[PDB]
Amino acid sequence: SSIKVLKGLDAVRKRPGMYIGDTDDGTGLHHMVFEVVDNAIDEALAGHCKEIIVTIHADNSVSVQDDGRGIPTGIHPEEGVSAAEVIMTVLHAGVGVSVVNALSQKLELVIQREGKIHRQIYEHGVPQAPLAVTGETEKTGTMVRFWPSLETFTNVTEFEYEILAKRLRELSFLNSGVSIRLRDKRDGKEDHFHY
């Protein structure tokens, strides 16, 4: 279990184009955002009047936040770690957010679910500690922030607002019930897509 997880993530770094697309022309880099957004849209669609927030941070990390159910935090018996950790680290649990985690120098997960805030940090897909309770909340949802690995992504390594805005406008149109916010903390640029 311990070694298959490290191997599944290793397999993604060994053949990254097969999982995320071109790692040199900016395709793969922006696909990283699209993969997390697709998970948030899928959650948004599972509910009513849900909202997704996509933030380009000033340090060229991206966060994707939904106000959905929250990824489950209970122990997954096969692995003996939180379901959230399994979803983030096990390739076989639509390539999945585990690809983004494998190709991220750092990833931060914050889940709001069943009265509690839960947080976990990853480096190159490796958890730094078990998912932990950091406090109380009556909000629900999932926030993923990721810093793409420059051991994978070459040449085009800076996120382009217009590439994210165009995809999110398409996704707003195709999912007319979902609110999508895009925020660029590098310059204060902000858009709200809601059909």
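The term rigid core refers to the maximal set of C-alpha atoms that superpose within 1.5 Å between the two forms. In this text, residue numbers run from 1 along the sequence as written.
A.B. asks: For a rigid core alignment of each structure in 8 other deposited structures of this protein onto the shown form, which stretch has the higher root mean square Cα deviation: 53-61 or 38-46?
C.D. replies: It is 38-46 that deviates more in 8 other deposited structures of this protein.
A.B. asks: Would you please confirm whether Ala93 lacks atomic coordinates in a third or more of the other entries that were compared?
C.D. replies: Yes; at least one third of the other entries leave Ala93 out.
A.B. asks: Indicate whether the chain is continuous between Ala93 and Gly94 or, if not, how many deposited residues are absent from the coordinates: none, 1 to 3, 4 to 9, or 10 or more.
C.D. replies: Missing in between: 10 or more residues.
A.B. asks: On mean C-alpha B-factor from the PDB entry, just flag whether 103-111 or 79-87 is the higher one.
C.D. replies: Between 79-87 and 103-111, it is 79-87 that shows the higher mean C-alpha B-factor.
A.B. asks: Which has the higher mean CA temperature factor in the PDB entry, 44-52 or 146-154?
C.D. replies: Taking the mean B-factor of the alpha carbons in each, 44-52 is higher.
A.B. asks: Considering only modelled residues of the same chain, in which third does the CA B-factor of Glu136 rank: lowest, middle or highest?
C.D. replies: Tercile = highest for this residue's CA B-factor.
A.B. asks: Thinking about Cα B factors across the chain, which third does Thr27 belong to?
C.D. replies: Highest third.
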